[PDB]
């Protein structure tokens, strides 16, 4: 196009980086009253800006040039710095850029072409996956016990499916749906069928037996979830022959049980909105690897994605961002109005859909921090005009924290939680409870007064006051509260609050020893937003470090702790998360989630003794064609 911006690393030192920004007017016309905006994920040092005035709100940066006019075929040059060790990835550059200018007194906008950043210090090393054989049974996760016989079972579309327990209804409907959707293979219910669902009360929750014989398949379970897990195994076990409307399973005996009770995946829908069809699609894929929990991250600074009828403004304002919108653009789509939200009717449809695959949905509503979208939506309710407190969040925001002294904050949170509790049948609600920015509420008159009333000597204690109100409210609504690990410090939440630990296993067990229930979600091994390889072209982020597939598989939760340890009562299970700062489409989403999710699924499900990297690679390789039939854009392990 007419306008191009080039970013170049000029200097690299310990915790410090300098950049050269060059903007080219390649149009024939001069630019008048011109200004540059771009998306950048790092905090730019404000006194470091050499040739213009920079304003930064989150990722959204506006640079006013010192020059009023930029001539045709001319260049504008600026330097800035950041406090950071070297950039390793092209995605560390500007995601998008654009300009504003005036022709004949009228405002104009143009998209700017952003050259890939010229990196000084890309990784030279590359993560190599060794060549692998293809395993005959590509089962992910690995069943804890499988015995394979020499024979095989071949069946046609008239084989029939028999069900002798109502517990298996959901699993049975799902199998048939998936065999139809994936393979176009139609099975029907037959009381005299070759595929049998049988009840076995001795089996624990989620456990199943699956035996393939020469002329029959028998599935046994004592729970709905068990039959669901069994059907996920059977989908991976079946091989469809072409030029014969037929399916083949190896004769085998499988006895299987889940290692952990909670096996979850969190999706960030606030940073970027993913449509109902996309969410459904992921949820069903989750069920394929025997995950039982979808954690829906619905609210954050960059968006509010859940319809609240009592507060229409949250989705009418807070679901949208753009230059013309109340909320500024972030990350991508700088030129347009970006957004979306889920209606309560759509959420009801997603809940029902998930339940058919044994998937519980946990909603997350972030307070008091990460609340920018809500605050812009309800200014009269949630803003104290007399607050002069200067603070910066970790995501470069100075105006994103709820005020625990305002009565409107309590009106807001009560109204939202009532509608969330009624909408979501799962007995859990996640409240955020992220650490507040340093010095927040420090110059708030309303907060100063509330400290004196409660006897608090430090402003951080207000956090606990707000969170305790949320917990008590959720308790009246019949919901247990869930929170991120910071909630455990102080007395901000009771022992009933479930803690999501991302720091370390040692911190998680510390928390468990205190009497909290906890979910392990370590940043270093379970964050699927992290890059998958060391090459600079790989999409993702790397602040927690690159996470290639081998590092993902080597994650082995609670390896050192014995099977009998009473602390394991406190460990709900494991979770993996996708943060969506730079994920705005299903192609990129697939690429990041797959194949690593299968490794996370195996960590969740399979006992450590049955885990092996080589064996895992061989099963992943035989599983790849099944993902291809579904059109999942997984990152290729062998390319």
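Residue numbers count along the first chain shown, from 1.
A summary of the deposited B-factors shows that, of 212-220 and 352-360, the stretch with the larger mean C-alpha value is 212-220. The deposited model assigns a higher average Cα B-factor to 133-141 than to the other stretch when 545-553 and 133-141 are compared.
Which of 79, 104, 505, 300 has the largest Cα B-factor in the deposited entry comes down to 104. When the Cα B-factors of 240, 261, 479, 396 are read from the PDB record, 240 comes out highest.
In the deposited entry, the Cα temperature factor of residue 270 places it in the lowest third of its chain's modelled residues. Sort the chain's modelled residues by C-alpha temperature factor and residue 588 lands in the lowest third, per the entry. Residue 46: CA B factor in the middle third of modelled residues in this chain (values from the PDB entry). Annotation for residue 27: C-alpha temperature factor in the highest third relative to the rest of the modelled chain, per the entry. When the CA B factors of the chain's modelled residues are split into thirds, the value for residue 581 lands in the lowest one.
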